[PDB]
Each structure stands twice: as C-alpha cells, then as structure tokens.
Q: 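Sharing a structure, written as structure tokens. Questions coming.
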Amino acid sequence: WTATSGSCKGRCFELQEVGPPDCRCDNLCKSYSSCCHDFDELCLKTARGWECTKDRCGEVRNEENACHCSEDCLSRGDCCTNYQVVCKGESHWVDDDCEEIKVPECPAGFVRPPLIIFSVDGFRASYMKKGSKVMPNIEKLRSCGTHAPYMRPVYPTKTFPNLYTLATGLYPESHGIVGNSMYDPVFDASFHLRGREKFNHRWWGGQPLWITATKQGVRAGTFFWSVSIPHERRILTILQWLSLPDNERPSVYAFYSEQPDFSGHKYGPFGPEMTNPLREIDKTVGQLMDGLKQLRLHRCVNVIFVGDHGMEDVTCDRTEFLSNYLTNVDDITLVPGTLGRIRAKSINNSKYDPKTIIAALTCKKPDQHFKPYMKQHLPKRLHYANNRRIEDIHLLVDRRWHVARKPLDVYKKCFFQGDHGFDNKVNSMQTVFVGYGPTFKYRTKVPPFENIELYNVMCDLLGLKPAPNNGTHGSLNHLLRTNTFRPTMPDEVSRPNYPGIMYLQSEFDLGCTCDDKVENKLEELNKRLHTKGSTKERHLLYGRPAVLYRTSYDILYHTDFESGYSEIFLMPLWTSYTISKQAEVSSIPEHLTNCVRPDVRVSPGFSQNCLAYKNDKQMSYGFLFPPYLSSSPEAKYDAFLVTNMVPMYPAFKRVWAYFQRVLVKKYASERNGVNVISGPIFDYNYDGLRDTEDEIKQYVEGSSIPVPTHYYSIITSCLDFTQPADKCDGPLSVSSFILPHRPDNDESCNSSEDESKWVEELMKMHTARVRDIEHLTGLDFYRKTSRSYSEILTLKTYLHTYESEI
Ligand SMILES: *[C@@H]1O[C@H](CO)[C@@H](O[C@@H]2O[C@H](CO)[C@@H](O[C@@H]3O[C@H](CO[C@H]4O[C@H](CO)[C@@H](O)[C@H](O[C@H]5O[C@H](CO)[C@@H](O)[C@H](O)[C@@H]5O[C@H]5O[C@H](CO)[C@@H](O)[C@H](O)[C@@H]5O)[C@@H]4O)[C@@H](O)[C@H](O[C@H]4O[C@H](CO)[C@@H](O)[C@H](O)[C@@H]4O[C@H]4O[C@H](CO)[C@@H](O)[C@H](O)[C@@H]4O)[C@@H]3O)[C@H](O)[C@H]2NC(C)=O)[C@H](O)[C@H]1NC(C)=O
Ligand SMILES: Cc1cc(OC(F)(F)F)ccc1COC(=O)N1CCn2nc(C(=O)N3CCc4[nH]nnc4C3)cc2C1
Ligand SMILES: [Ca+2]
Ligand SMILES: [Ca+2]
Ligand SMILES: [Cl-]
Ligand SMILES: [K+]
Ligand code: NA
Ligand SMILES: [Zn+2]
C-alpha cells in the first residue's frame, strides 16, 4: 500500500527515496505506482514545449511551462536548453570549433569534474560512420574527444546484462543478471522484464557505480529513468541537478535512451525508418551540451557516450524449432530467441536426460543455425557458466536467426526485423564508446576494448576506488589525459627450482621406451650449455611467466624450448618456444614414433609414466613443444622427454597435431616469426579460475596424472612485422586460444573431414585474451619487455576475433 495523500510540491525528482506508505517524487515512482497525486502536474510539465522561441525571450516566469525563457531562468537553472541561443545570441555547442580541454574549467565550488554517462540502447558500432550525416553533435563528441571504432559488449548481448555490466565491471555470470529472463532454483523465483520481481535486490550482485560513489562520499543522480518520462525532461532534470548547491549536487549522472533499439527491433538495424531515431538522439545530445554550455560546464564535465549492444537483421522465417529435433518437446523449458537455454519442465521427471537432448540437437541438419553446448563447453571468452541461473544446456544461435520451442510459440505469443543477444564477437552486436572532457584525451582514437573495462575508468574519473571487478585496471589508461591508475606487477609467489642432472636412467620404471641409444667435446660442451639455458634468450622473449600461487615447480631448459614444470600436476604449467620465419617443419622419424624418454633432472616420483597411458583405453598423450619443429635431429630427442608430455584424448590429438604441424609454421610465415607459450588449463568448476589440485575430477587411469579441461597457446610477434619476433623493438601483437580438451569432436560438424576444413575454425571460435589464460592458470605473462606496463595490460586484454572489418 501507498497512501499517496502527500505532495510533490518542491520535491520534483528528489534525490533521496522516502519509505512507503509515504508518496514518492523520485524518477522511479512511476514504475512502483507510488508517485504523489500531483507528480504529473508539478514534475512532468509540458506546457509550451522544450524550446525558447523569439517571442518568449525576457518573458514573465510562468510556472506552468515545461522550461523557461524568463530572465531569472539561469539562476533558477531551468531555462530551455536553447535559451541563450535564441534570447542572448549565443551559438549552439555543435557550431563551435572544438578546442582542446587541457584542464577542467569549472565554476567555483565544483570539487571535481562531473561525469555524465549518456547511454543509448541498441546503438550499433557502424552507426557512427553510417549515420554520421544526421548526427552532428555525436560526431563532434566523437572526433574532438577520445573514441574507439567499437566497444565489445558482454554475452548475452541483451540490455540488462550489458547495462549492469557497464555499471559493475563484472561478467553477467558474476553480477547475476545472466539474461533478460531468468529462473533461480535456490530462490525458486523467476525474473522477468515485465513485472515486479526484477525490483527485488537479491537478483543484483556486485557493486554498481552509483553505490561505489555513494559509499565513498560522491553523490549520484539516479540511474534508472521511467519510460514515460520524455527525453527532454530527463535532460532538464540532470541540468537542474547540476544547478543545486555544492553540498547537494551530485558528481555522477546517467541519461538513458530506449532508442535506437526500440525502432531497430521493428525495422532492422538499417531500415529507412532508422534515420529519424538517430536524428532524435543527436538532438538530445545537442540539448545536453547546449545546457552544459549555458551553465559554463561544457569544458568541465566528462561525457561518456556508450551503447549496450548493436542490432542484427532477424525475421520470423529465420527460426529453428526444437520440435524438428526433439520428440520429447514438452518435457523441456526453453528460454528462447537469439540464445537458447534449456532445463527440465519438471524436477520430478527422472526420465529427462540432458545427454540425449544434446545428442538430438547435434549436427542434425546440413545448415543447422544453432549449436548445442553443455555450458562448461562454451568458449571460455564468453565467461558464461558460473551461475546457477545459467541452465546446463545452452544453444549458441547463428547471427540473424532465432530458436524457438514449437512453431505455435512464434505465431501465437512477421512482427520484428531486428534483434540482438548473439555471441559478443559478432560485428552486428558491437556498440560504441566516446569520451569527451577535461579528463579524456583530445582527438584520439583508441583500439576496441571490452565494456567490462569501463567501471574502473569511471571510478578513476570520479576519484573512486573500484570494487573488485573483471576489468584489468590500467588497461584503458591510454584513454585518459590524467587520473591514470598506475598499477604494479603482481609479486611472484613461487620461485622455481633449477634442477641439474640428478637421476640415472635405471631409477625410472615408467614403462616407456625410446630407440635413442646412439652417441667429442664438439657436440657435448654445446649440449651442456643448452641445458643451462644458452638459447633461453631466443625461446623466452618476455621473461618467464610468474607463478602467482604457492606451488613446487622446475625451470627446464632445452635447445628449442623452455618449460616451467609442475611437480604437483606432473607436467609443464607453460612451455615457451620461438619459431622463426625461416624455421622448417620435419616429421617424426619412424623409429621415434612411440619414443618417450625419462628426464634425468626430474625424479621418477614427480614424472608421468607410459603404463598409465597404456592402461587408459580412453586417454592418449601429446607434447607441448612439438617434435615437428625440432631445430635438429639431435634436438628432437628433447621433445620426447616425459616432462614435455601431456594427456590427450585421441579426438583432441587430431586438433593439437594440426595446430603444431601446420598452423604454427603458417603463423611464423605470416607474422615473421612467432613466440609460442602453450600449456594445460584445469577448470573443472567452470569458474574461469585456476583449479587447486583437490578440484580435479579426472585422472589418467591408475595414476595421479590430472587431465586438463583445456589447452592454451599464446602466440606473440612484432606489431611491426618487418621486424622478426625475436628482434622486435616496439609494440607487440598477440593472438591466443583456450581449446576445450574434449573426448570427441561433436562440436565440429565437419570433423570427419580433413583437419584443414575444420580445425582452424574451431580454434577461432575459442580465441581468448591472454588475461583469460592468466585467470585460468594463475600465471602472469610479459614480465620483462621494453614496453610500458599499461601497454602490456592493453595487450593482455586484446582479443583476436576473426570477424571482418566494421
Ligand atoms: C570477476 O570478478 C569477480 C569479483 O572480483 C570475481 O568473483 C569473486 O570471486 C571470489 C573467488 O571466487 C569470490 O570470493 C568468495 O566469496 C565468498 C563470499 O562472497 C559473498 O560476499 C561477497 C562480498 O560482498 C559478494 O560479492 C558475494 O556475492 C556473490 O553471491 C551472491 C549470492 O549468491 C550474489 O548476489 C552475487 O552475484 C555473487 O554471486 C557470484 O559469486 C558466487 C561466489 O561467491 C558464485 O557462486 C555465483 O555463481 C556468482 O557467480 C557473496 O555474497 C566466500 O564465501 C568464499 O570463500 C570460500 O572459498 C574460499 C577459497 O579461498 C575458502 O578459503 C573459504 O573457506 C570459503 O569456503 C567455504 O565455502 C565453500 C563453498 O561454499 C565450501 O566448499 C567450504 O567448505 C567453505 O565452507 C570466497 O572468498 C567472490 O565472492 C566473487 N565476487 C563476486 C561479486 O562474484 C570473479 O572470479 C571474476 N571472474 C574471473 C573469471 O576472473
Ligand atoms: C543501469 C544503467 C547504467 C548506465 O550506464 C553506466 F552504468 F554504464 F554508467 C546507463 C543507464 C542505466 C539504466 O538505464 C535506465 O535508465 N533504465 C534501464 C534500462 N531500461 N530499459 C527500459 C525499458 O523498459 N525498455 C527500454 C528499451 C527497450 N527497447 N524495446 N523495449 C524496451 C523496454 C527502461 C529502462 C531504464
Ligand atoms: Ca539494449
Ligand atoms: Ca576453477
Ligand atoms: Cl535471455
Ligand atoms: K591410451
Ligand atoms: Na563431429
Ligand atoms: Zn533490444
């Protein structure tokens, strides 16, 4: 109940929320049906429109007007945004040349430049160029401030997951808003767009910017605007808030536009009807900037123009129906659309089997426009698994398509021409970023980055300490003129051992054999130096990774590669090697096909053994430094050391072998040498973070040899590819992947064909940031380069997406 008998007199858009049943006057009351009787009358005035006209100038203050052109309006802070242009001969902000804002130019009593976030729903990245003619205000912001060609949203590329990611710096899996629709089995409760349950605090995890500000004494305008409140009114309210007394005035503000998303759903991303909503957004930006200029705040405030996601073409006829695949269609609940989430309709149904559901959806039709996954097998880059609200079964839907349960669900629930929600690597889903203000750089283009990074920066902009989040703090320092955050490299927790030769061949009983018994200080003084690390400068280019957790490991040196070998996990945590453009691919000699050799630097008790692999009918093995890339017949024997061995399903060996035999050389050719760091990943609880030994759910049979869930590689070269990887004088270029270590190739529908038709495509799907690999391994890469740490942080957040140009 709300006793709405009180009044909004003088309380219009009050910054503090009074406790019911007292009537409210804040910009959220509409969505609660708790506004005072007079809210519309007093707080939502519309009389006379939004602009001053020539004959309104100098008028007598008439309180019924939506905004004012009277003389006292500046002091009252409630002029129409175009007042000075019409009545005082001022020019529009857009018509002014831009001038570098070297320092905040703020009125007395402003303790810090305010931050205004102007967020636009469905603003596809390519609108910046494609709509440039009809958006002069946005275009000045863009070219005069700091801009990226695009900003990468989070998966799923829906509104609430993305806006809440912007506000928290967290992946949906951590903030909890994992879709526009959700079921939480622990609450036994459902979250919906329409409805009231979504206003319950328990859905919303992490700590959004407005709470971070508030707890640290920085006042915030409210972020959520009711749909019925017109854009012009939202602008004037922000401007009014900015005219408040120093002690009452917020420092951070948000504006939100439902457009161009709203129109985009109806008309498609480039429907002719899209021009108008883009003009209108630009007009709103103009009004904000004119209002700021009126208040002498246009060289004081930092403005962020940011979208949540793009928009793709999607029509009713491009819909896959689960009823064309499943006989048991009525025993499942589907969260439908641009992604699919499946669970059992009833928990009392013990005949529901996810395994057989997945099988029935796997490569069943030639051009099938969705792919089923168990959530832990989704590409790690999506970070979409560690939350009880994410169903075990997931469908990644092809761009331009929908998935639905039954045809009736489509024609009884074509309407739409656009939608979004797809994989966050899809060009059509990319959105925008522009920063303009004293704290951002002048006329600067920055590389694309992820929206998870913005929280940190908005914290920097407001002098706040960010709550723990998924951004990498410092990776966006190159956006900022000042207020940079100077991060320091994490301290190494474990130091390596450096074992020499300590064991005789005969101390090993591993059931391994090798045809290697063939024999001179020419080639023996030489091989000593290689095992002490004489070629280490070539194969270990950026210093050894640091181990950021407590463990026992050995640095092992070799002619062709260096490794950090875990005595705990019985394999390298990392294997580093350099392949020059000139390097040659050889095959494995017939006599050495099954060759595995004990490593005399490492005890039998800390080694794998061949027997376990013989007994395990499911599990074979591969090597991290590839035998094919050995520098010499003699060097090749090193690649067969038991300490270079890792467990691999035969199905995965097809993938790995093609990577090592074909792709590494190809990348070396194309990139002028590559440095490769490869290794295992263990993430059995799919939390994106390195497993402790007690979290491993699978071993090679009859052994303590743990089975990785994934294999990674980080592939680094010179950004200036006219320089070789091993002699680079400037910025680096990287591409990485985290390949799932699976017993089958069910994910690849073409896998019965040659590796040259499917493997690289799989790898591309599982592209990763070095930073993702850091979370998963507890290692820290690039410790010793000539590059600034901030640039390295940027490099570590880079994702090679394999899409076309935007
Ligand atoms: C992206 O960034 C985020 C933020 O940094 C990273 O997430 C953090 O990871 C930490 C490590 O996993 C984790 O720390 C744990 O916190 C536990 C208490 O956490 C509560 O309090 C915090 C602070 O206010 C709060 O943020 C948490 O909020 C979570 O849960 C609520 C309610 O469920 C949600 O509203 C909210 O959205 C959030 O949910 C998410 O996180 C939880 C895990 O906390 C997931 O389960 C969800 O799926 C969802 O993703 C909490 O309210 C604390 O109890 C933990 O301590 C246990 O483990 C340590 C190991 O060191 C051990 O020493 C302790 O003894 C203890 O073990 C006991 O519990 C075990 C399990 O129940 C049991 O087995 C043992 O026997 C013991 O009894 C731990 O310290 C931190 O909470 C999250 N923070 C957030 C916001 O998610 C994330 O990792 C980053 N991602 C990547 C890829 O880098
Ligand atoms: C939470 C945050 C952080 C920001 O930025 C940051 F945190 F990054 F700083 C910015 C804004 C915000 C919040 O934004 C808002 O004010 N609202 C949240 C989004 N929202 N959606 C609606 C809605 O009902 N629909 C509009 C879209 C649409 N299209 N078709 N149908 C619909 C139906 C109303 C609102 C109000
Ligand atoms: Ca949206
Ligand atoms: Ca884990
Ligand atoms: Cl969803
Ligand atoms: K085997
Ligand atoms: Na297959
Ligand atoms: Zn939408």
Side-chain angles (χ1 to χ4, degrees), residues 117-125 127 151-167 172 177-181 192-194 198 223-225 227 254-269 271 274 277 281 305-315 336-339 397 399-400 402 415-422 424 426 428-433 451 510-512 593-594 596 608-623 645-654 656 698-703 705 707 741 743:
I117 304 127
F118 191 113
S119 65
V120 280
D121 204 325
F123 208 100
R124 193 179 160 151
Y127 291 161
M151 183 180 70
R152 184 177 314 119
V154 286
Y155 183 82
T157 53
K158 298 285 210 178
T159 295
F160 287 136
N162 277 279
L163 292 180
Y164 207 53
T165 282
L166 285 158
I177 309 301
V178 309
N180 276 343
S181 174
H192 322 274
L193 288 135
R194 292 280 158 189
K198 75 160 193 290
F223 278 50
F224 301 91
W225 297 94
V227 276
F255 168 88
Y256 169 83
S257 169
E258 308 81 8
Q259 288 286 36
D261 182 84
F262 188 76
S263 291
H265 277 288
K266 295 142 96 282
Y267 307 117
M274 295 309 290
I281 295 155
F305 190 82
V306 62
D308 53 359
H309 56 66
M311 181 75 70
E312 175 61 276
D313 303 281
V314 170
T315 50
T338 50
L339 48 146
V397 178
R399 65 190 79 187
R400 297 166 50 86
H402 271 171
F415 298 81
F416 49 89
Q417 285 174 276
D419 208 3
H420 52 82
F422 304 107
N424 64 333
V426 174
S428 62
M429 299 292 95
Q430 303 314 290
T431 184
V432 296
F433 173 85
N451 72 347
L510 309 172
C512 300
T593 305
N594 281 340
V596 172
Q608 292 172 50
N609 68 94
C610 296
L611 190 53
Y613 290 100
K614 196 177 185 289
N615 296 338
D616 196 317
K617 292 305 188 280
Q618 304 314 307
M619 187 59 68
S620 176
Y621 65 88
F623 296 104
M645 199 178 28
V646 289
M648 293 189 169
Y649 289 121
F652 192 82
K653 280 173 68 186
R654 299 183 60 203
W656 195 248
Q698 202 191 336
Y699 291 87
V700 180
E701 190 187 308
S703 80
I705 313 163
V707 173
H741 180 218

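Here, residue 1 is the first one in the sequence, and each next residue gets the next number. Counting starts at 1 for both ligands and their atoms, in listed order.
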Q: Under the 3.5 angstrom rule, does the side chain of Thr431 hit a backbone N or O of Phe123 as a donor-acceptor pair?
A: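 Here the side-chain-to-backbone pair exists.
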
Q: Quick check: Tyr164 with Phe160 (ring centres under 6.0 Å apart)?
A: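 Not close enough - the centres of the two rings lie 6.0 Å or further apart.
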
Q: May I ask you to decide if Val700's main-chain N or O and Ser703's side chain share a donor-acceptor pair within less than 3.5 Å?
A: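 Answer holds: yes.
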
Q: Return the name of the atom in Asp121, of element N, O or S, nearest to the Ca ion (ligand 3).
A: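 Going through the N, O and S atoms of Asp121 one by one, OD1 ends up nearest to the Ca ion (ligand 3).
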
Q: Taking both backbone and side chain into account, is any N, O or S atom of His420 nearer than 3.0 Å to the Ca ion (ligand 3)?
A: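 False for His420.
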
Q: Provide the closest heavy-atom pair for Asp261 versus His309 in the form atom of the first, atom of the second, distance.
A: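 In this case the closest contact between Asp261 and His309 is OD1-CE1, 3.2 Å.
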
Q: Would you say the Ca ion (ligand 3) has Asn162 as a near neighbour, meaning an N/O/S atom of that residue under 3.0 Å away?
A: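 Checking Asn162: none of its N, O or S atoms is under 3.0 Å.
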
Q: Any chance the rings of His402 and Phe422 have centres within less than 6.0 Å?
A: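 So the answer is no for these two rings.
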
Q: Mind listing the closest non-hydrogen atom pair of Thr157 and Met429 along with its distance?
A: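 Minimum heavy-atom contact is OG1-SD, 3.2 Å.
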
Q: Does the shortest distance from the K ion (ligand 6) to an N/O/S atom of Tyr613 fall below 3.4 Å?
A: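 Here the distance criterion (N, O or S atom, under 3.4 Å) is met by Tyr613, so yes.
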
Q: If I consider every N, O or S atom in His420, which one ends up closest to the Zn ion (ligand 8)? I only need its name.
A: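 It is NE2 of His420.
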
Q: Could you check, using the six-membered ring where one of them is a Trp, whether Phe224 and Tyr256 have ring centers closer than 6.0 angstrom?
A: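 No; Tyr256 has its ring centre 6.0 Å or more from that of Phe224.
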
Q: What's the O-the K ion (ligand 6)-O angle here (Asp616, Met619), rounded to 10 degrees?
A: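 It rounds to 80°.
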
Q: Taking 2.8 Å as the cut-off, does an N/O/S atom of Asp261 lie below it from the Zn ion (ligand 8)?
A: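 Given the 2.8 Å cut-off, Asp261 counts as a ligand of the Zn ion (ligand 8).
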
Q: Among the N/O/S atoms of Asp308, select the one at the shortest distance from the Ca ion (ligand 3) and name it.
A: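 Going through the N, O and S atoms of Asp308 one by one, OD2 ends up nearest to the Ca ion (ligand 3).
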
Q: Can you give me the NE2-the Ca ion (ligand 3)-OG1 angle for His309 and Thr159, to 10°?
A: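 Value, to the nearest 10 degrees: 100°.
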
